[PDB]
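Naming convention: chains lettered A, B, ... in sequence-line order (proteins, then strands); numbering from 1 in each chain. As the structure lists them, so they are numbered: ligands from 1, and atoms in each ligand from 1.
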Amino acid sequence: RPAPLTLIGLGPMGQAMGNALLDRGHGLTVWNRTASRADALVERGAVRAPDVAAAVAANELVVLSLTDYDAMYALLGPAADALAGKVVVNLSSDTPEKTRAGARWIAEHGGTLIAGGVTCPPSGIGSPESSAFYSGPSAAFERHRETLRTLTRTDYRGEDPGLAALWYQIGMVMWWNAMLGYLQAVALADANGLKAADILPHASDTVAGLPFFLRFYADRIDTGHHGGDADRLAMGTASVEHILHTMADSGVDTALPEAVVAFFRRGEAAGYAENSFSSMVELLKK
Amino acid sequence: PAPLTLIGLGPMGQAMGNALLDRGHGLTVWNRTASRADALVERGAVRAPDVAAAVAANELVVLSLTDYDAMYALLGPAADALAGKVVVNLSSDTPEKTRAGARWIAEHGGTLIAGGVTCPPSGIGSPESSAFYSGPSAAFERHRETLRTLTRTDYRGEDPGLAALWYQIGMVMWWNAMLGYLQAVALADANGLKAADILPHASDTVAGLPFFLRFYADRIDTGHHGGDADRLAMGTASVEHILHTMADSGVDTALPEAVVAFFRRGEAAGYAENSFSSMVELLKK
Amino acid sequence: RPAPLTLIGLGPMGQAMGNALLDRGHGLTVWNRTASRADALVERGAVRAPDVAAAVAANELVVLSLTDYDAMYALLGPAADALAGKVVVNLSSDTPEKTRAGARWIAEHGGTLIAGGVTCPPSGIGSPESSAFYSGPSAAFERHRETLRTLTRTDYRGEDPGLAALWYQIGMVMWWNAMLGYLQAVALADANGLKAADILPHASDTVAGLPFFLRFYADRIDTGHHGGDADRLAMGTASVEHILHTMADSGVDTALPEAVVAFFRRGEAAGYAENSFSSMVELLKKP
Amino acid sequence: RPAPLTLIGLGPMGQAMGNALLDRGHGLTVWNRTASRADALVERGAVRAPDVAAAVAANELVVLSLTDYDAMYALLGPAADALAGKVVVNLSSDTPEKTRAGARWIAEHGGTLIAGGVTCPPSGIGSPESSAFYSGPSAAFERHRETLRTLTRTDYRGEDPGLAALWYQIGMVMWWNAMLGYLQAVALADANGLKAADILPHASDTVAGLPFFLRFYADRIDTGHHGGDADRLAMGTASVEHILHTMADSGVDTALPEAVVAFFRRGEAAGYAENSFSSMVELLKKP
Ligand SMILES: NC(=O)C1=CN([C@@H]2O[C@H](COP(=O)(O)OP(=O)(O)OC[C@H]3O[C@@H](n4cnc5c(N)ncnc54)[C@H](OP(=O)(O)O)[C@@H]3O)[C@@H](O)[C@H]2O)C=CC1
Ligand SMILES: NC(=O)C1=CN([C@@H]2O[C@H](COP(=O)(O)OP(=O)(O)OC[C@H]3O[C@@H](n4cnc5c(N)ncnc54)[C@H](OP(=O)(O)O)[C@@H]3O)[C@@H](O)[C@H]2O)C=CC1
Ligand SMILES: NC(=O)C1=CN([C@@H]2O[C@H](COP(=O)(O)OP(=O)(O)OC[C@H]3O[C@@H](n4cnc5c(N)ncnc54)[C@H](OP(=O)(O)O)[C@@H]3O)[C@@H](O)[C@H]2O)C=CC1
Ligand SMILES: NC(=O)c1ccc[n+]([C@@H]2O[C@H](COP(=O)([O-])OP(=O)(O)OC[C@H]3O[C@@H](n4cnc5c(N)ncnc54)[C@H](OP(=O)(O)O)[C@@H]3O)[C@@H](O)[C@H]2O)c1
Ligand SMILES: Fc1ccc(F)c(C2=NCCC2)c1
Ligand SMILES: Fc1ccc(F)c(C2=NCCC2)c1
Ligand SMILES: Fc1ccc(F)c(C2=NCCC2)c1
Ligand SMILES: Fc1ccc(F)c(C2=NCCC2)c1
């Protein structure tokens, strides 16, 4: 049942990915720019391909966990011709356009690229609650969907490889902003005698109440309802200025809070003070 | 339920007034835009003619204003009658300006209890909602049960600025994620997707955040910035991917650019092989 | 596009699921033994199927909100043959074993059962603040995940159909116990002149401090560390005995507090009095 | 200046009490039966009285952190002739009647007992978010309220010492039951390959969703609205029966789920099957 596969890219994610596959009983062949990284997996039952050309040729499925799509060209460029009949599932982050450019390159060499965006940390590889967006030619994705179901759940977003990257970037823009806000909160807390452990209960309660506002503002934004019934930008403009000045009074970097105040200053200049802060989506759109 | 005066009838004060009447509190209500008091007045609320009478009607005066500067503008005319009053200011501000309002209320013979409501107006009334309180314990304890009608009470200490600090610690994370939601909806609008099409993923992503908050918590507390799970260099690429995805789709790039620049400052600080958590040191400045 | 689906089981949960699905623009075919319960959803724009067979026939996705899995055998029983090609999402509570058996029943009739456990009340259907456990054939779940996301978030726990039920019963043993304790708190308060409103703030402060104790005792239980550093069982056996006698002295039924006292005394009898109350997990690990 | 005081009872809670009193600057005289427990506080500056009598006579304010009120009689009984003019703040859990019995015994010996229910773990002593119910002589409590604020917030519930104990037991019937539910969930999990750390997110999510039901059912119990618009006791009896059989099938102890099942079966027999489980608040008024 568990089909063989080549995994190139053995960082935090691909290492855990190879673990989850060998665990299920898959035929793992691992290659990496840093060949030292392919050693614990190789000791657990994986074959070190001596070259990327041999890696690409060992199996039909080539899974990629690299920092970006440029890393793919740099690793598979030496073996470009060996990509014929091969299916490259790139679980690497990049722009939809750069994701499609990768697909085109694999396509010039007789292979098909399936894009992928894992929405889980390395600890989540092998966990059923973990999911990944996938996009690109259906047949190639479908004939490997079950080996990919070993890593995460499969959410097909379309035939355009760019869609999986677009959906990953949609969730990551919220993830990174919230996590930079955590780092900002931890820094304000350290400047005030507190630890991340002291502010963790509140932080978690704060981010878990977020889905309410996500729903509250979804339909309202999709209809142009930016009424000040639950909030006025003017009140929130004061709120973000309070974060900036509280941070400044406590000696904490003000670059990120000053950039947030600037966005609210643009909303005030657009006449949105009596409207919901949601109105500022019209400054981000188009 | 003990009687009280509530000044500040915007989105939250309106909800607070509805909740105080719902428990049974006799309410004296005043607002600069007196038009915003009509509904609560018909529900049974006495419309104080002026702020002076509002303050004199009850010991407890709860303020729901945009900032602490609004209290000076509203209570300042009748600051003489603030003597013997407990002012529960539920208005956001910096700890230092919250402390200034405490001194101001105290110079007028009163006591300020600082408050930061960590709930929307729709949550006023539910013990699922919480608010930070700070300032003289005695005055807090005296009026804690009237405050429990609006929200649960989370006392953060006798320094009135403490509730404001705790509120700002949550709101930096709250506003950042909500601004990110606005960026996701614009990226989606530019790609034929509505917010309702992206709301599930957005809600799944923000709901998984508590795990990542705990994972990096004790690590940051102990100084562990290992790239065992994440390298700042891959995150710099990830946030740059966000920037160019936004730029390629025609969406505003101001906020993605500030994040890219923050990660590049971290790479310049030598934390490329370390976890993105390492940039907490550049924020401690 | 909002995919069409059939909803059988229009109790408090099923009525709310119908309203949420209609709110997203889903084409809903509905059926309930009591047809008056389908009236409002029909007037909103739902199709009132006359038979249970016709409801199952109308759409591939059949969502069940029934009391138990025995109720699926009763309702879908007549037209079991016509369950072929259909994906039955069973959001009914039951034992992992009974849930697994329902999957085999749906499968022996040509269908696929996705098991589901809604961790929200009816007021939470439609909210992305709400979540539901799902388990069963991965392909069917992925094909219908988006229509189910209209009701709650999706927490897939695996291919074993009994896994959603297990995870649901794990949350429900804590849920029911905390809520039966709230009822006992309300009854002790009434017996002492206090209304539920008077005890609600303290009750909500008590349950909001719980996540701290769940974490505190998690690593300790998983590591076998049941030391009396923060609590000794004998101090807790006294505390549960205080609740019991406080309730007996107040004329409140003592059946539920006698059971808790009996459980703490079992730990004392097994030698765990100087150990944490957490040690009593070792008495539960066996039947 | 932080007023001086005597602390007797240096277990998990008392040690944390002494640490917080010393942290603020209180002249602390400590005494514990197991002397080793004062050792660290004495190096921090705690006096260490030679015996219990010397401790009671050192200060007007004597704080007790013992397992129960029977422990007070056995410790303060040999030093009973020294209790006159002394304010004994007893932070020990016990029933309202036994707390009033301690108040009477203290007053027969010339002193005044103030009852206290600390609704904070030892980790929360010294924390401003922490609270304690207090009941007993108002003036004596008011004279010593500032020193008691060092440990926790002070919520005076009245002149009867039984009021604090009652308020403490009202919260602890809910707390203990939710913790026994957590222990049951961890056992169900262990029998199914899952650790407490694996179920901790769902457990924490389940218990943070409780404050909604507390308010929802508080408003309805107070108004006699035990309608089944959001639930039926019959659907709940099935749910609790599923917890019992899920635990039995997994070889997990059934004594506790059997008692919940028995109470739900008592409600269906009382004619409440079509009503909310909240109707069982009435079964709790008739033993
Ligand atoms: N959901 C929410 O709105 C939340 C807000 N908060 C905080 O609660 C507070 C109230 O916010 P919100 O309910 O939106 O109300 P607003 O901030 O929109 O306004 C609150 C009240 O303050 C009055 N006010 C504003 N400026 C002045 C001034 N210069 N002088 C006198 N009165 C003034 C308004 O007057 P008028 O109506 O007469 O024009 C209104 O009655 C804020 O500090 C906010 O940060 C906390 C949590 C969530
Ligand atoms: N109630 C809640 O808050 C929550 C409950 N759940 C779960 O959701 C499920 C649905 O329960 P809920 O809708 O709340 O309430 P009910 O259990 O009362 O509703 C279930 C349905 O069963 C139907 N039914 C009655 N008799 C039979 C029968 N003989 N054969 C088949 N079906 C029958 C009822 O129809 P009729 O109108 O004719 O009686 C009703 O539509 C349960 O399994 C429960 O554990 C989980 C989340 C929250
Ligand atoms: N998390 C918690 O533990 C909380 C507990 N409480 C309540 O606070 C009280 C104390 O808590 P905790 O410290 O855990 O309790 P313990 O029972 O673990 O210890 C309390 C102290 O009582 C002393 N003691 C008991 N009997 C006698 C006696 N006959 N003579 C002299 N000393 C005696 C013990 O002295 P020795 O060292 O010699 O045994 C010990 O120091 C209890 O009533 C408890 O219900 C409330 C809030 C939280
Ligand atoms: N880490 C997470 O938590 C997480 C979760 C989901 C998504 N992701 C995405 O998953 C991908 C992998 O992230 P990661 O943290 O596991 O790993 P990473 O730190 O991005 O490194 C992954 C791999 O990329 C290789 N690589 C990087 N640049 C290269 C180049 N120019 N040429 C050749 N190889 C190159 C590295 O090779 P060496 O071994 O030689 O260094 C390494 O094996 C990223 O695209 C990321 O956005 C991250
Ligand atoms: F949940 C997710 C999803 C995608 C991710 F890249 C992450 C990361 N964790 C550490 C850095 C990226 C977490
Ligand atoms: F829209 C707004 C504006 C300001 C706010 F503080 C909020 C909040 N909701 C709960 C956290 C604060 C929402
Ligand atoms: F949040 C939840 C989850 C599952 C449930 F069964 C409930 C219930 N509410 C009333 C009884 C069962 C609530
Ligand atoms: F482990 C225990 C034992 C007895 C207790 F009272 C407590 C707590 N009380 C307030 C919350 C924790 C914890």
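- Put simply, the residue from D/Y217, D/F213, D/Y272 that forms a ring-ring contact (aromatic ring centres under 6.0 Å, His included) with D/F277 is D/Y217.
- Within ligand 1, counting atoms from 1 as listed, the ones closer than 4.0 Å to a heavy atom of B/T33 are 36 (P), 38 (O), 39 (O).
- Of all heavy-atom pairs spanning D/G124 and D/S130, the tightest one is O-OG, 2.7 Å.
- Within ligand 1, the atoms closer than 4.0 Å to a non-hydrogen atom of B/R36 are 37 (O), 39 (O), numbered from 1 in the order shown.
- For ligand 1 and B/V117, the ligand atoms under 4.0 Å from any heavy atom of the residue are 46 (C), 47 (C).
- Looking only at heavy atoms of the protein, atom 41 (O) of ligand 1 is closest to B/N31 OD1, 2.8 Å.
- Salt bridge annotation for B/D69-B/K97: present, with a cationic side-chain nitrogen under 4.0 angstrom from a carboxylate oxygen.
- Numbered from 1 in the order shown, with element, the atoms of ligand 7 that lie under 4.0 Å from a heavy atom of C/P121 read 1 (F).
- Contacts between B/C119 and ligand 1, counted as non-hydrogen atom pairs separated by less than 4.0 Å, involve the backbone only.
- Between D/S93 and D/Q169 the shortest heavy-atom distance is OG-NE2, 3.1 Å.
- Looking at atom 13 (C) of ligand 8, its nearest protein heavy atom turns out to be D/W175 CH2, 3.5 Å.
- For atom 1 (N) of ligand 1, the closest non-hydrogen atom on the protein side is B/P121 CD, 3.0 Å.
- For B/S91, no nitrogen or oxygen atom sits less than 3.5 Å from a nitrogen or oxygen atom of ligand 1, counting backbone and side chain alike.
- C/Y217 counts as a contact of ligand 8, since one of its heavy atoms falls under 4.0 Å from the ligand.
- In this structure, B/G8 counts as a contact residue of ligand 1, since one of its heavy atoms falls inside 4.0 Å of the ligand.
- Annotation: side chain of B/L75 is in contact with side chain of B/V51 (closest heavy-atom distance under 4.5 Å).
- C/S127 and A/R215 share a donor-acceptor pair across their side chains, judged by distance under 3.5 Å alone.
- Against a heavy-atom cut-off of under 4.0 Å, B/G10 is close to the following atoms of ligand 1: 13 (O), 40 (C), 41 (O).
- The nearest protein atom to atom 21 (C) of ligand 1, hydrogens excluded, is given as B/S64 O, 3.2 Å; this is a heavy-atom distance.
- In this view, C/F133 and C/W167, D/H202 satisfy the ring-ring contact (aromatic ring centres under 6.0 Å, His included) rule, not counting sequence neighbours.
- Considering backbone and side-chain N/O atoms, B/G13 never comes within less than 3.5 Å of an N/O atom of ligand 1.
- Annotation: atom 10 (C) of ligand 8 to nearest protein heavy atom, D/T119 C, 3.6 Å.
- Ranking protein heavy atoms by distance to atom 12 (C) of ligand 7, first place goes to C/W176 CZ2, 4.2 Å.
- Against a heavy-atom cut-off of under 4.0 Å, D/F213 is close to the following atoms of ligand 7: 1 (F), 2 (C), 13 (C).
- When heavy-atom distances to ligand 1 are checked against a 4.0 Å cut-off, B/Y167 comes that close only through its side chain, counted from C-beta outward.
- With hydrogens and angles disregarded, no donor-acceptor distance shorter than 3.5 Å links the side chain of B/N31 to the backbone of B/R36.
- Nearest to atom 3 (O) of ligand 1 among the protein's heavy atoms is B/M12 CG, 3.2 Å.
- When all heavy atoms are compared, the tightest approach of C/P122 to C/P12 is CB-O, 3.5 Å.
- Residues B/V87 and B/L63 have side chains in contact (heavy-atom distance under 4.5 Å, counting atoms from C-beta outward).
- Considering only heavy atoms from C-beta on, D/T237 stays 4.5 Å or farther from D/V261 through its side chain.
- Contacts of C/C120 with ligand 7, taken as heavy-atom pairs under 4.0 Å, involve the backbone alone.
- Under the 4.5 Å side-chain criterion, counting only non-hydrogen atoms from C-beta, C/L233 is not in contact with C/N275.
- Within the structure, the closest approach of D/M172 to ligand 8 falls below 4.0 Å when heavy atoms are considered.
- Contact check for C/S131 versus C/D155: no side-chain heavy atoms found under the 4.5 Å cut-off.
- In terms of N/O distances under 3.5 Å, ligand 1 is not approached by A/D231.
- Within ligand 1, the atoms closer than 4.0 Å to a non-hydrogen atom of B/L90 are 8 (O), numbered from 1 in the order shown.
- Scanning all heavy atoms of the two residues, the minimum distance from B/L65 to B/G8 falls at CD2-CA, 3.7 Å.
- In this structure, atom 15 (O) of ligand 1 lies nearest to the protein heavy atom B/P11 CD, 3.6 Å.
- At a threshold of 4.5 Å between non-hydrogen side-chain atoms, the residues B/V88 and B/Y133 count as touching.
- For B/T5 (side chain) and B/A54 (main-chain N/O), a donor-acceptor pair under 3.5 Å exists by modelled atom type.
- Heavy-atom proximity to B/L74, at under 4.0 Å, picks out these atoms of ligand 1: 31 (C), 32 (N).
- Distance check: B/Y167 OH to A/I243 CD1 gives 8.0 Å after rounding to the nearest 0.5 Å.
- Proximity of C/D231 to ligand 8, defined as any heavy-atom pair under 4.0 Å, is confined to the side chain (atoms from C-beta onward).
- For ligand 1, the atoms closer than 4.0 angstrom to any heavy atom of A/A230 are 1 (N), 2 (C), 3 (O).
- In terms of protein heavy atoms, atom 19 (O) of ligand 1 is closest to B/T66 OG1, 3.1 Å.
- For C/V118 against C/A132, the heavy-atom pair with the smallest separation is CA-CB, 3.9 Å.
- If you check each of A/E274, B/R32, A/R232, A/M235 against atom 27 (C) of ligand 1, the one with the closest non-hydrogen atom is B/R32.
- Only the side chain of C/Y168 comes within 4.0 Å of ligand 7, judged by heavy-atom distances.
- Nearest-residue assignment for atom 9 (C) of ligand 1 (options B/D67, B/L75, B/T151, B/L65; heavy-atom criterion): B/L65.
- Atoms of ligand 1 lying under 4.0 Å from any heavy atom of B/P120, numbered from 1 in the order shown and given with element: 1 (N).
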